[PDB]
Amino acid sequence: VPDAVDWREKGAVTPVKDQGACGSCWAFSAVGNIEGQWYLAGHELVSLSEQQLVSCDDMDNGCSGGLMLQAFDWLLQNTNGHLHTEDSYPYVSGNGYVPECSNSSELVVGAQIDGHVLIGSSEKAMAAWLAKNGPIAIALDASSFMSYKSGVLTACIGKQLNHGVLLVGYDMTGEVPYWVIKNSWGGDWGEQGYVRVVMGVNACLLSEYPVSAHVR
């Protein structure tokens, strides 16, 4: 069990994105995880398309919510696991409206998944899984994120799962051990788009729904 893991420094995390007023956290969470699994399977890091899921995934509900596992299922059942690049299928739902799904010939496939896993809902198991396998898509209570600016959150409201984000690392070398979370509220929010949360107390209910795609 390493004292610290940072998948950002290891090259597995793309720049921070901004979901805007759309309830598409589920798509940002899922895509961020896919980006990491894709890189860790030996491919070049590439930013992938949340918009494809928001507009095309009919198991989920666009700007009205979704679930990361359902997003993976939609890809597996409808595109043979293929996801387009962000550059070719950019995010346009920041104002809450969802355009029709595109099948333009200018779309470029950026990645392919072949399965998914639901990781045991235990913080200690998540840390071991993340240390070996990469960033985890999680659900949590983000109520305490509304006022967060910087530092390690040691008091998180843990009442209701109301957001989805990406767990990119942890560090246990200081007095307060912490997880590092990539949010989808733009690079000006929090610590250049990230938040740190204490480990070992199920802070923010972060161990309730840890999931990942699988890449060959």
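Start at 1 with the first residue shown and count on from there.
Note on 8-16 vs 198-206: mean CA B-factor is higher in 8-16.
The stretch with the higher mean CA B factor, choosing between 134-142 and 75-83, is 75-83. For the set 62, 186, 164, 36, the PDB entry assigns the largest Cα B-factor to 62. For the set 32, 169, 66, 174, the PDB entry assigns the largest Cα B-factor to 174. Per the PDB record, residue ranking by Cα B-factor puts residue 178 in the middle third of the chain.
In the PDB entry, residue 147 places in the highest third of its chain by CA B-factor. Ranked within its chain, residue 118 lands in the lowest third, by CA B factor from the PDB record. Compared with the other modelled residues of the chain, the Cα B-factor recorded for residue 153 ranks in the highest third. Among the modelled residues of its chain, residue 88 has a C-alpha B-factor that falls in the highest third according to the deposited record.
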